[PDB]
Amino acid sequence: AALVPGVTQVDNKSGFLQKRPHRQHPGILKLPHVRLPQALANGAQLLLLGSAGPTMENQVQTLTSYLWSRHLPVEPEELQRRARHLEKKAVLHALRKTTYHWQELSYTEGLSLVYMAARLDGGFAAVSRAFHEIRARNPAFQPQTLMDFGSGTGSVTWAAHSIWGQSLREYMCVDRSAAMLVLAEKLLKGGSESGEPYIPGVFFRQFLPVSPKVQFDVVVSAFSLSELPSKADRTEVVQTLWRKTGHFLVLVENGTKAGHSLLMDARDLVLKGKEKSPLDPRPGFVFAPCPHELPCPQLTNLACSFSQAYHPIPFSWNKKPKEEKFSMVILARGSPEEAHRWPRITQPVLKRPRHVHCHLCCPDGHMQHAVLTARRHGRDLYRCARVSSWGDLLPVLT
Amino acid sequence: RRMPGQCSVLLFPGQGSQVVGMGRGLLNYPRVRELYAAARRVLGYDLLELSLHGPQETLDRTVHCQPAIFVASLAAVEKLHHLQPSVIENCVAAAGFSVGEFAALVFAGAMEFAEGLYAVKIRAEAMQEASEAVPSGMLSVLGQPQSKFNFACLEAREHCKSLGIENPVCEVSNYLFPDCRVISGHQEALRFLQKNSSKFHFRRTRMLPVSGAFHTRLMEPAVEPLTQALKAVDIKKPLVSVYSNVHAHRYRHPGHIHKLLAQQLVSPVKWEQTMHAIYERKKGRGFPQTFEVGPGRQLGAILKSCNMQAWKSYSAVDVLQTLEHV
RNA sequence: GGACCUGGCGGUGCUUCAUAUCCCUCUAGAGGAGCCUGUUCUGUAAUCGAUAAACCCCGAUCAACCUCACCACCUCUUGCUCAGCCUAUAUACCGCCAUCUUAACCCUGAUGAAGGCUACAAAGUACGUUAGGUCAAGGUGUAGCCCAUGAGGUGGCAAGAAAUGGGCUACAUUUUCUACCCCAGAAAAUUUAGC
Ligand SMILES: C[S@@+](CC[C@H](N)C(=O)[O-])C[C@H]1O[C@@H](n2cnc3c(N)ncnc32)[C@H](O)[C@@H]1O
Ligand code: SF4
Ligand SMILES: [Mg+2]
Ligand SMILES: [Mg+2]
Ligand SMILES: [Mg+2]
Ligand SMILES: [Mg+2]
């Protein structure tokens with residue numbers, strides 16, 4: 001409960017309410033409809049000129065739905081418990097049913113083309129929103145080094161360029177798939193096998209460097225940890241990425257229960273330090289979206305996700321703007337900047353006559369369903385909530 | 001709710017439709033002679049003789065053409081009422097081009113002949129004075145798909161800036177039909193368009209025989225007089241849907257006609273939008289009858305260019321001759 | 001350490017053809033004008049926001065002084081009726097749609113790992129899942145505010161600019177009107193299919 005009617009008031013630092021309207025309150029983190037850089041869209045369409053017919057539309061739709069509804073691989077112990085329950089109540093067949101068949105996706109050339117056509121714009125939108133979080137809240141940050149695990153098509157690289165190109169000088173892109181690496185190189189070279197890179201300093205590797213000595217300013221993993229075959233693999237990858245994180249570790253997955261569970265495991269892993277004497281002793285905290293380091297109040301039954309609207313790459317099947325629903329967690333080195341941390345709106349805000357419904361993740365670690373009205377909460381706080389939206393912050397104190 | 005085809009739309013012409021011989025074929029018809037008698041009483045000169053037999057140079061003057069067109073349009077309305085009462089009874093819309101609005105409103109029971117004629121007169125002398133203030137003119141330009149109008153107006157303006165003049169005027173004045181426009185403003189800009197139509201991609205160009213650049217800000221001096229002439233007038237609610245030219249939509253309440261009729265004087269005429277608002281409909285639906293009450297047949301050609309299917313049911317009231325001597 | 005066996009490269013290229021899906025080539029139409037929508041930027045204290053709830057009834061329509069929504073001020077309230085509110089929730093269930101997941105025998109090798117074909121024939125034969133949508137032709141619950149998320153009043157609010165995405169109208173000489181239903185008279189770049 002971060003909104004007590006009649007007690008909580010808007011947080012006015014830097015002389016807010018006097019010097020600037022309500023629509024521009026500092027928790028406004030909404031990003032306008034994302035449009036890809038023209039070079040990237042041109043390269044994608046050129047690379048798909050070969051085969052973009054009716055079959056490709058079906059393949060893209062199938063791949064998108066398959067990835068969206070994919071579950072985490074089931075760990076041994078859960079299968080053991082289910083097997084015991086079924087036996088107490090043939091068992092193997094009943095386990096083939098009511099259990100998800102998780103399979104490795106082998107990204108060959110054809111499946112890489114399909115994945116690019118199906119997910120480039122969506123991934124770019126999600127990563128751009130996650131990066132806008134850091135840019136908006138810490139505008140003095142000028143990263144010089146970026147690593148991106150599971151760099152599929154380079155959407156992370158392109159978003160990082162679009163935001164921090166005047167400071168970034170090294171883009172490490174790790175991906176075990178040679179086809180995916182080749183496609184990323186072609187996309188960076190304007191869709192042609194021979195050309196000059198659009199972004200300078202991009203390094204492509206097939207193996208993840210494992211060494212605490214080398215440390216990047218921004219480490220990213222977008223829709224990548226869900227490809228790993230087991231929780232042990234996810235754990236080791238997240239540990240490596242945190243060890244090599246210099247300032248910010250950005251994890252982005254689908255906006256589903258599976259993606260949110262994966263990200264909450266990663267968040268707990270990073271927050272609970274196990275290493276006895278690490279080379280980098282700085283502690284880690286959650287920069288966004290959580291205003292606390294306590295266990296997620298919403299991991300029990302629901303999930304937590306955020307939406308970013310964007311314009312898809314023009315195709316025979318992409319006509320209208322789309323929404324990208326994604327789960328994010330940003331872990332920052334050091335300690336929280338201050339103690340005036342603000343609730344996060346984790347659900348669409350519903351505007352109704354003279355009241356506003358907002359679901360808040362409060363700094364105390366609990367969810368609050370707040371119906372804000374002028375008479376109860378104050379005109380200024382009501383106006384701030386009225387202009388706020390999904391994924392923003394509400395500037396409230398005491 | 002009656003099927004369209006038994007309804008009627010009355011179109012009232014504007015300046016440029018004057019001709020020597022208006023009225024002949026209307027005089028013997030009922031009730032026209034006292035309209036021309038009232039025209040004499042209000043104007044101060046015999047409009048009847050000037051319209052019937054004139055040099056055409058006296059008739060082409062701005063002060064004289066507009067009252068002639070107004071009175072002739074109303075007389076043609078009377079003739080149409082005599083021949084076909086059902087057409088006047090089943091009227092759905094009305095629209096005038098520039099001065100025809102003053103006729104259309106009078107036809108709609110929103111203004112009376114005397115006050116409307118006084119307003120038209122004052123408008124005419126005011127516009128003549130505004131034209132005399134500065135050289136200007138109107139140029140009809142027919143463009144092709146590659147023609148750009150705002151662009152061409154722009155270079156026409158830097159031309160006069162290079163020559164040297166305060167805020168040269170050249171802007172599209174009349175929207176008639178697709179790719180046909182009337183530009184208005186200083187004569188030097190119109191000379192520039194006439195001479196380099198080639199780079200302006202204009203298929204045809206024709207200088208209109210008018211006194212000055214109407215429907216531009218050059219007529220600003222004429223706004224204040226006309227406004228006074230309209231303050232005393234008490235405009236009622238039109239009985240039929242009378243369409244405006246400033247924005248090309250129906251006049252809704254009496255409290256806005258007063259200022260719309262003055263804004264028209266310094267705003268472009270939205271004739272194409274008016275035709276679209278009156279006639280546009282799904283393919284296959286029938287169109288209402290259309291009657292051009294007044295001199296000339298220009299609105300007929302404009303309607304043909306705008307909407308051919310609507311033009312199929314178009315007819316004009318003959319104001320120059322009559323088949324049967326009533 | 002020696003011998004042998006299965007592998008693993010869902011690997012890499014090169015040769016020829018069957019080479020159907022998929023490709024191109026090819027064929028016929030689709031850019032202008034006027035309105036309406038989608039996104040951005042700028043701007044306002046504020047919404048160019050909606051009519052089982054206006055107006056216009058030739059069609060359709062804009063903002064209407066309808067009313068609701070928003071902004072700035074105020075007023076009530078134990079009141080309508082143990083009052084009042086599409087306020088929320090299908091992220092409550094159920095309905096409906098959609099996403100994804102779902103053998104045996106007989107021989108050979110010394111009864112080693114292991115292997116089993118020849119036709120003029122030589123061991124081979126037999127439901128669950130989803131922070132999913134839908135509260136408009138459908139339901140059962142659960143919660144909210146109840147000196148205000150209820151009821152009123154006084155003013156405002158009625159945006160501006162482009163590049164591009166889409167939609168509707170008219171667009172003619174192989175045309176248009178009349179008579180006839182075919183020998184008459186007057187007027188004047190991608191994209192969509194292909195079969
Ligand atoms: C499908 S992409 C996800 C989208 C991509 N991260 C982006 O931003 O566009 C994830 C990639 O991670 C790679 N990957 C999976 N496991 C890996 C591993 N253990 N080490 C390195 N790369 C791995 C796969 O090749 C796969 O293509
Ligand atoms: S519900 Fe709150 S604590 Fe949980 S992931 Fe979302 S922001 Fe973080
Ligand atoms: Mg209400
Ligand atoms: Mg509602
Ligand atoms: Mg749902
Ligand atoms: Mg409004």
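When reading the values below, keep in mind they use all heavy atoms of this one structure, side chains included, and skip hydrogens, waters and symmetry mates. The chains referred to below are lettered A, B, ... by the order of the sequence lines, with proteins before strands, and numbering in each begins at 1.
For B:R252 and C:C62, a side-chain-to-base donor-acceptor distance below 3.5 Å is present, hydrogens and geometry of angles not being considered. No N or O donor and acceptor, one from the side chain of A:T256 and one from the base of C:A131, sit under 3.5 Å apart. Not a single donor-acceptor contact under 3.5 angstrom links the side-chain atoms of A:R23 to the base of C:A45. Side-chain atoms of B:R281 come within donor-acceptor range of the base of C:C58, with a qualifying N/O pair under 3.5 Å. Between the side chain of A:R386 and the base of C:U47, at least one donor-acceptor pair of N or O atoms lies under 3.5 Å.
Contacts of B:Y175 with the nucleic acid, taken as non-hydrogen atoms under 4.0 Å apart, are absent. Across all strands shown, A:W317 has no heavy atoms under 4.0 Å from either base or sugar-phosphate atoms. Within 4.0 Å of A:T99, counting heavy atoms only, lie sugar-phosphate atoms of the nucleic acid but no base atom. Using a 4.0 Å heavy-atom cutoff across all strands shown, B:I278 reaches at least one base atom of the nucleic acid. Using a 4.0 Å heavy-atom cutoff across all strands shown, B:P145 reaches sugar-phosphate atoms only and no base atom.
Between B:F12 and B:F97, the ring centre distance reaches or exceeds 6.0 Å. Ring-centre distance between A:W317 and A:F315: below the 6.0 Å cut-off.
For A:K320 and C:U164, the NZ to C1' distance is 19 Å, given to the nearest whole Å. Regarding A:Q24, its CD atom lies at a distance of 9 Å from the P atom of C:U42, rounded to whole Å.
With a negative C1'-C2'-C3'-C4' torsion, the sugar ring of C:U51 falls in the south range.
In this structure, C:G128 shows a glycosidic angle more than 90 degrees from zero, which is the anti conformation.
For C:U149, the base is stacked against the aromatic ring of A:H355, per a cut-off of 5.5 Å between centres and 30° between planes.
Of the possible donor and acceptor atoms, one in the side chain of B:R281 sits under 3.5 Å from a partner among the backbone N and O of B:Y279.
B:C7 is linked by a side-chain contact (heavy atoms from CB on, under 4.5 Å) to B:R2, B:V92, B:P288, counting only residues two or more places apart in sequence or in another chain.
Not one side-chain nitrogen or oxygen of A:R96 sits closer than 4.0 Å to the OP1 or OP2 atom of C:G128.
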